[PDB]
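J.: Okay, handing you the structure first.
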Amino acid sequence: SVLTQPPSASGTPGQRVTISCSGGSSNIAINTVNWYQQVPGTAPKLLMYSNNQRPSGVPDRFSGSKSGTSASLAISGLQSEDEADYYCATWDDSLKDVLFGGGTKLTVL
Amino acid sequence: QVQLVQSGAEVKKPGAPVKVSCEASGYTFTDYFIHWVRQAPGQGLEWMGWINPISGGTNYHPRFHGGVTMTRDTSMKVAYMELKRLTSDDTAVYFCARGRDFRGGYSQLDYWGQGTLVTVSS
Amino acid sequence: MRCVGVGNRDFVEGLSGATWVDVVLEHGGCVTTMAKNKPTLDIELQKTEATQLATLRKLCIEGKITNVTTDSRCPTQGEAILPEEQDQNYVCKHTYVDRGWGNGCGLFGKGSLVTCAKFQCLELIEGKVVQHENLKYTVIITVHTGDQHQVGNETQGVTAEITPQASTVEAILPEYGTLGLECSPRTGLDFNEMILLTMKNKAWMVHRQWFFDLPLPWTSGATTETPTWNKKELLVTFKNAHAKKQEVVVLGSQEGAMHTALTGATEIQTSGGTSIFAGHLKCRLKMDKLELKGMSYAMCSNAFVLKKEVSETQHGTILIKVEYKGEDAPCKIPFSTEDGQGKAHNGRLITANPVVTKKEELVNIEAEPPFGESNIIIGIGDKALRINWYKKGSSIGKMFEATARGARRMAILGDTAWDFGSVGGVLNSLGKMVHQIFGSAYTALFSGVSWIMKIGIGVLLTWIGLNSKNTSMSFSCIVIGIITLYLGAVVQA
Amino acid sequence: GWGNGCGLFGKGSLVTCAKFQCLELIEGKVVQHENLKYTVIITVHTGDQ
Amino acid sequence: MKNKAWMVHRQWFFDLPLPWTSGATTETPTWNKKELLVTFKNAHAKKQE
Amino acid sequence: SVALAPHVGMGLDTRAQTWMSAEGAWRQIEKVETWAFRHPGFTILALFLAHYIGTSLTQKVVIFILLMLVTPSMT
Amino acid sequence: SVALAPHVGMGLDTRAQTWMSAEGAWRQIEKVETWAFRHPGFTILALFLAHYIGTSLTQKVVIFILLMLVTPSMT
Ligand SMILES: *[C@@H]1O[C@H](CO)[C@@H](O[C@@H]2O[C@H](CO)[C@@H](O[C@@H]3O[C@H](CO)[C@@H](O)[C@H](O)[C@@H]3O)[C@H](O)[C@H]2NC(C)=O)[C@H](O)[C@H]1NC(C)=O
Ligand SMILES: *[C@@H]1O[C@H](CO)[C@@H](O[C@@H]2O[C@H](CO)[C@@H](O)[C@H](O)[C@H]2NC(C)=O)[C@H](O)[C@H]1NC(C)=O
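Residue numbers (the deposited numbering), protein chains in the order written: chain A, 2 to 110; chain B, 1 to 122; chain C, 1 to 493; chain D, 100 to 148; chain E, 199 to 247; chain F, 1 to 75; chain G, 1 to 75.
Below, the structure written as structure tokens:
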């Protein structure tokens, strides 16, 4: 099973951003989801060092969770810096490999 | 301070092996993986294999098994990687990332390398 | 005194006609060898430090199933064949599934299908052989001079390296001469019959045949890319779901089962070299050119004062730490013992020649008092410091403890346990030969018997020897049974 | 003994305590007998193509 | 275990030796009988690991 | 460990094939054979014990089989 | 490998502590005891089998003990 996520966008006023990954019953349902931020031209940054846990900085603008087979990254309001390419990564067990999302170009509008 | 620095940008023609390297320093090398992620120009990120430098075991992605090889060389703390027969399609930038040993840390990557971009053209 | 209070030291005294005594040097415990006119000296084997290991084969503990491809042929037809069967990277299995019209085939009946899965195995075990050509040994020798802060000091010594190339060496002790070590590393341990298997950071010494008989896929170690495995189905299970289809599932990480299968193997080191511990070898100590520290030193004329409470070691040897209160620095200590107002002098003196080197540095002496109450005198006149010690125990108890120690040595070591304190005797050599024959015949019989099965076999064998009318074998069976009870109660060190 | 910390010679007690973390784990799930459900098909021989 | 499940006799499940806890979805639980996954070995008699 | 106490013989048999039926059917016999092949001398010892404890031929063979079965599995 | 064949029977031994000696010394007997407690009817079956094959008390006792040691271990 391959987990997928669509490209999304939102305006500069941070109403809400809903960026969701829907994986199978072996990758997402039993493994912690990990979120990655990639500003174009730079190496990706570990946005979430566990399920619903932040390593450093950007609080309440990046906040995720998974319920069952799907995971999502919520918000309390975005900023201009929050424009980058986002990736959700989980360790699949059936395929026994690390699955990365299809990509998503979140743009501050 | 802990960081990963690559070998540097490389260019080669199709049908020529390339050996992309990744330097590691600042921490205990043997206690974390090197997840060797790939990213094509303007394409989605794609992980392709990690190695355990404490033992040398390699977990290639099914797509890249046999086409690529990865060596730990723990003496110099340098996680090398090689491409057996580089093709025109496989033009990308190859990051090297640090991951934890356990299951919860299989898919979490911190302190990525800048990424050695490999251009393939005749 | 690098070895005083080590809990496993065992004394060797007496030399042969050529002033040589042979000895077996085990990793756990040392040998303190004393003679009539030679300085008593602690000898302990340290490490074997093997180098240039060649890797034989690589068992692999956790695999990964990829590229599950299948092919099913209609029933009443040849068995299904896939091109991936011939490939050495794939593992396949043949099974029979039910095929009807709903499955596409024209006629009903069991049809054959195969599922070839590409075996890629993540973490592996490397089994490395050590050749006798590059096996090493480090031996630390310490003539325990009367010296401050030397008791039980592992950092002080004169190392001697003894490899099968130039096994005979000569350790130059700084002041007492040069000890000779004419030894044989060939009979030290069976490193030809051993495999060093390195899992992650650990490793172990295991028997070669046991390593080769492990239920784990193996590949010849040649450091080649994309290795070809053998016996892959040991980590791949194929499950037929009601004979309609099958799926391929990799078992998982065999690390815990491998750690449980290693019970009884002795652990080893891997970081900073191989450095195998838990070994043993046999040295022939040539004490021909050893000399005492100034036998002609003038005897001390002033009194000595204690500086640390005299403490008895595990083996009953006193430790007296005295400071010399005189001005003639280089002198030999006057030492004597008494027992019940009688100078029996039954108390021996392990430290051969107690000489005060500097008169400012306090000097410590190890002595072996008699089993009764004894007064120890460390002076010449009435200023003589007098130590009285009461050594609780019995000579029969000492003999029993020595017999138990010898039996334990004859259990850890086989035919070569007869050379621990040997002076090349005639009776000892004949005993060694007869024990060699009997031990070979015995360990041939009980090779592989476990810890509890040995005890059970022994009690059964002694019961059989008790009920056999033919005494010629009744005595033999009872003797063998008691020996096996002891070995079962000693095994698994 | 001497050269190891104190004068008296013998055997001294020693304790090495180590924290424990589980990493991977497995959980046994009891089946709630109320929520157990059986589904059974009844196909009838009607000669559908 | 991970993505695989089995039907096992409950008494056998309770009998198999592994550290276990209440299973109350609590981070950092306390594992009863956690000594089964740790082994303490003596380097001869000098030390403890 | 846990692998020494397999889930064999528990009264939960069904029509569906169990987990690792093919391998676990014969792992024990393979272990016994490989132990009896790598340690031939115990065959001699077990023959002696069976001969000197077994009055009848059936008792002798029963004792010999039980001895050659318990020891590989008590290792 | 599998835990069914531990490295306990090899003749190689030394002064030093072996890997997991403390547990592996009594692991097998603990497994046998817990199997016997779990399934007590086989005690009756083994009693019957020993009584109908062992003429002498030595024969009956050895058959009973071997049979009660094989079944928990050969499972
Ligand atoms: C084992 O299975 C994996 C998939 O699980 C196979 O990986 C596949 O490798 C081929 C190599 O050519 C990939 O094809 C390529 O796809 C990209 C997609 O953009 C396309 O641009 C290229 O021109 C090429 O067609 C294929 O996508 C990939 N499958 C994936 C990633 O799901 C692998 O080949 C299998 N091993 C075999 C067949 O030996
Ligand atoms: C073992 O011997 C070493 C040296 O032979 C002792 O270390 C010496 O200690 C004294 C006093 O503490 C210092 O003045 C010396 O400089 C040290 N020499 C060195 C470090 O080479 C050591 O104290 C002795 N005892 C033990 C238990 O190690």
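Yeah, the Cβ is synthetic: ideal placement off N, Cα and C, and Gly gets one too.
Could you tell me the distance, in whole angstroms, from the CA atom of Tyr-32 (chain B) to the CA atom of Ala-203 (chain C)?
T.: Here residue 32 (chain B) is taken as the residue at index 32 of the second sequence, counted from 1. Here residue 203 (chain C) is taken as the residue at index 203 of the third sequence, counted from 1. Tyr-32 (chain B) and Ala-203 (chain C) have their C-alpha atoms roughly 20 Å apart.
J.: Any C-beta of chain D sitting closer than 8 Å to the C-beta of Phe-102 (chain B)?
T.: Along the second sequence, read from residue 1 onward, the residue named residue 102 (chain B) stands at position 102. With 8 Å as the cut-off, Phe-102 (chain B) counts as an interface residue toward chain D.
J.: When you compare the CB positions of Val-24 (chain C) and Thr-33 (chain C), do they come within less than 8 Å of one another, or not?
T.: Start at 1 with the first residue of the third sequence, and residue 24 (chain C) comes out as number 24. Start at 1 with the first residue of the third sequence, and residue 33 (chain C) comes out as number 33. Not in contact: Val-24 (chain C) and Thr-33 (chain C) (Cβ atoms no closer than 8 Å).
J.: State buried or exposed for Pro-83 (chain C), treating a residue as buried only when at least 16 other CB atoms are found within 10 Å of its CB.
T.: Taking the first residue of the third sequence as 1, we reach residue 83 (chain C) at position 83. Per the 10 Å Cβ criterion, exposed.
J.: Does the structure place the stretch 322-339 of chain C close enough to the stretch 347-359 of chain C that three or more beta carbon pairs sit under 8 Å?
T.: yes
J.: Mind checking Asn-59 (chain B): buried by the 16 CB within 10 Å criterion, or exposed?
T.: Position 59 of the second sequence, counted from the start, is the residue given in the question as residue 59 (chain B). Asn-59 (chain B) comes out buried.
J.: At the 8 Å Cβ level, is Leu-319 (chain C) part of the contact set with chain D, yes or no?
T.: Position 319 of the third sequence, counted from the first residue, corresponds to residue 319 (chain C). Yes, its Cβ sits closer than 8 Å to a Cβ of chain D.
J.: Does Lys-232 (chain E) have its Cβ less than 8 Å from a Cβ in chain C?
T.: Numbered from 1 along the fifth sequence, position 34 holds the residue referred to as residue 232 (chain E). Taking 8 Å as the CB threshold, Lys-232 (chain E) stays off the interface with chain C.
J.: In whole angstroms, what is the alpha-carbon distance linking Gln-3 (chain B) and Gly-41 (chain F)?
T.: Along the second sequence, one-based indexing puts residue 3 (chain B) at 3. Along the sixth sequence, one-based indexing puts residue 41 (chain F) at 41. If you take the alpha carbons of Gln-3 (chain B) and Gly-41 (chain F), they lie about 60 Å apart.
J.: Could you tell me the boundaries of the alpha helix (DSSP H) in which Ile-396 (chain C) lies?
T.: Position 396 of the third sequence, counting from 1, holds the residue named residue 396 (chain C). Taken as a continuous stretch (DSSP letters only), the alpha helix (DSSP H) holding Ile-396 (chain C) covers 395-412.
J.: Anything in chain C within Cβ reach of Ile-54 (chain B), meaning under 7 Å, just list it in chain order.
T.: Here residue 54 (chain B) refers to the residue found at position 54 of the second sequence. By Cβ distance, chain C contributes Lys-200, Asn-201.
J.: Could you name the residues of the same chain whose beta carbon sits closer than 7 Å to that of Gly-24 (chain G), not counting the 5 residues immediately before and after it, in chain order?
T.: For this step, residue 24 (chain G) is matched to residue 24 along the seventh sequence. Same-chain partners within the cutoff: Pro-6, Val-8.
J.: Opposite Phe-119 (chain C) in the DSSP bridges: which residues?
T.: Here residue 119 (chain C) corresponds to residue number 119 of the third sequence, with the count starting at 1. In DSSP, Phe-119 (chain C) forms a bridge with C:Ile-65.
J.: Measuring CB to CB, does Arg-186 (chain C) end up less than 8 Å from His-132 (chain C)?
T.: Residue numbering aside, residue 186 (chain C) sits at position 186 when the third sequence is read from its first letter. Residue numbering aside, residue 132 (chain C) sits at position 132 when the third sequence is read from its first letter. Cβ distance < 8 Å, so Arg-186 (chain C) and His-132 (chain C) count as in contact.
J.: Per the contact definition of three or more C-beta pairs closer than 8 Å, is the stretch 213-233 of chain C in contact with the stretch 27-45 of chain G?
T.: With a cut-off of 8 Å, the stretch 213-233 of chain C and the stretch 27-45 of chain G do not count as touching, because too few Cβ pairs lie within range.
J.: Do you know offhand how far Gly-372 (chain C)'s Cα is from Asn-346 (chain C)'s?
T.: The residue labelled residue 372 (chain C) in the question sits at position 372 within the third sequence. The residue labelled residue 346 (chain C) in the question sits at position 346 within the third sequence. Cα to Cα, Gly-372 (chain C) sits roughly 10 Å from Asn-346 (chain C).
J.: Here's the rule I'm using: 16 or more other beta-carbon atoms within 10 Å means buried, otherwise exposed. How should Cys-183 (chain C) be labelled?
T.: Stepping through the third sequence from its first residue, residue 183 (chain C) is reached at position 183. Answer is buried; the Cβ neighbour count reaches 16.
J.: Pull up the CB-CB distance for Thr-116 (chain B) and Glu-10 (chain B), whole angstroms please, since I reckon it's below 8 Å.
T.: By one-based count along the second sequence, residue 116 (chain B) stands at place 116. By one-based count along the second sequence, residue 10 (chain B) stands at place 10. Indeed, because the Cβ distance is near 6 Å, the residues count as touching under 8 Å.
J.: Do the stretch 388-404 of chain C and the stretch 250-262 of chain C make contact, defined as three or more Cβ pairs closer than 8 Å?
T.: No, the stretch 388-404 of chain C does not touch the stretch 250-262 of chain C.
J.: Residues around ligand 1, please: the condition is that the C-beta lies closer than 7 Å to some non-hydrogen atom of it.
T.: Applying a distance threshold of 7 Å between residue Cβ atoms and the heavy atoms of ligand 1 selects B:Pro-62, B:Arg-63, B:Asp-89, C:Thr-66, C:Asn-67, C:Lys-118, given in chain order.
J.: So, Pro-227 (chain C) versus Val-143 (chain C), is the Cβ gap smaller than 8 Å?
T.: The count along the third sequence starts at 1 and reaches residue 227 (chain C) at position 227. The count along the third sequence starts at 1 and reaches residue 143 (chain C) at position 143. Not in contact: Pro-227 (chain C) and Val-143 (chain C) (Cβ atoms no closer than 8 Å).
J.: Can you name the residues of chain E whose CB is closer than 8 Å to the CB of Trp-19 (chain F)?
T.: Walking along the sixth sequence from the start, residue 19 (chain F) turns up at place 19. The contacting residues are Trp-204.
J.: Could you work out which residues of chain C lie near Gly-106 (chain D), taking near to mean beta carbons separated by less than 8 Å?
T.: Counting from one through the fourth sequence, the residue named residue 106 (chain D) turns up at place 7. Within chain C, the residues near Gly-106 (chain D) are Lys-308, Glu-309, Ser-311.
J.: Would you mind stating whether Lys-64 (chain C) and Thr-219 (chain C) have Cβ atoms separated by less than 8 Å?
T.: Position 64 of the third sequence, counted from the start, is the residue given in the question as residue 64 (chain C). Position 219 of the third sequence, counted from the start, is the residue given in the question as residue 219 (chain C). No, the Cβ-Cβ distance between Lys-64 (chain C) and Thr-219 (chain C) is not below 8 Å.
J.: For ligand 2, enumerate in chain order all residues having a CB closer than 6 Å to any of its heavy atoms.
T.: Every residue passing the under-6 Å Cβ criterion appears here: C:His-149, C:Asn-153, C:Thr-155, C:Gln-156, D:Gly-102.
J.: What's the gap between the Cα of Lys-332 (chain C) and the Cα of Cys-300 (chain C)?
T.: Taking the first residue of the third sequence as 1, we reach residue 332 (chain C) at position 332. Taking the first residue of the third sequence as 1, we reach residue 300 (chain C) at position 300. Computed Cα separation, rounded: 6 Å.
J.: Spell out whether any CB of chain B is found under 8 Å from the CB atom of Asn-67 (chain C).
T.: As a working note, residue 67 (chain C) is residue 67 in the third sequence. Judged by the 8 Å Cβ criterion, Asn-67 (chain C) is in contact with chain B.
J.: Kindly indicate which three-state DSSP category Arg-208 (chain E) falls into: helix, strand or coil?
T.: The residue you call residue 208 (chain E) lines up with position 10 of the fifth sequence. Helix.
J.: Quick check on the DSSP output: the beta strand (DSSP E) that includes residue 78 (chain G) runs from which residue to which?
T.: Past the edges of chain G, shown from 1 to 75, lies residue 78 (chain G), and the structure says nothing about it.
J.: Would you tell me roughly how many angstroms separate the C-alpha atoms of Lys-12 (chain B) and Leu-234 (chain C), rounded to the nearest one?
T.: If you number the second sequence from 1, residue 12 (chain B) lands on position 12. If you number the third sequence from 1, residue 234 (chain C) lands on position 234. Between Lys-12 (chain B) and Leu-234 (chain C), the C-alpha separation is close to 42 Å.
J.: State the DSSP-derived secondary structure class of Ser-476 (chain C), mapped to helix, strand or coil.
T.: Position 476 of the third sequence, counted from the first residue, corresponds to residue 476 (chain C). The answer is helix: DSSP assigns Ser-476 (chain C) an H, G or I state.
J.: Taking only beta-carbon positions, decide if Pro-217 (chain E) is within less than 8 Å of chain F.
T.: On the fifth sequence, residue 217 (chain E) is found 19 positions in, with the first residue counted as 1. Not an interface residue.
J.: Determine the contact status of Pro-369 (chain C) and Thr-416 (chain C), defining contact as a CB-CB distance below 8 Å.
T.: Reading the third sequence from its first residue, position 369 is the one you call residue 369 (chain C). Reading the third sequence from its first residue, position 416 is the one you call residue 416 (chain C). Cβ atoms of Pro-369 (chain C) and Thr-416 (chain C): not closer than 8 Å.
J.: Alpha carbon to alpha carbon, what distance is there between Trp-463 (chain C) and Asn-428 (chain C)?
T.: Mapped onto the third sequence, residue 428 (chain C) falls at position 428. Mapped onto the third sequence, residue 463 (chain C) falls at position 463. Each residue's Cα considered, the two are about 32 Å apart.
J.: For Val-426 (chain C), count the other beta carbons within 10 Å of its own beta carbon; 16 or more makes it buried, fewer makes it exposed. Which is it?
T.: One-based indexing of the third sequence puts residue 426 (chain C) at position 426. With fewer than 16 other Cβ atoms within 10 Å, it is exposed.
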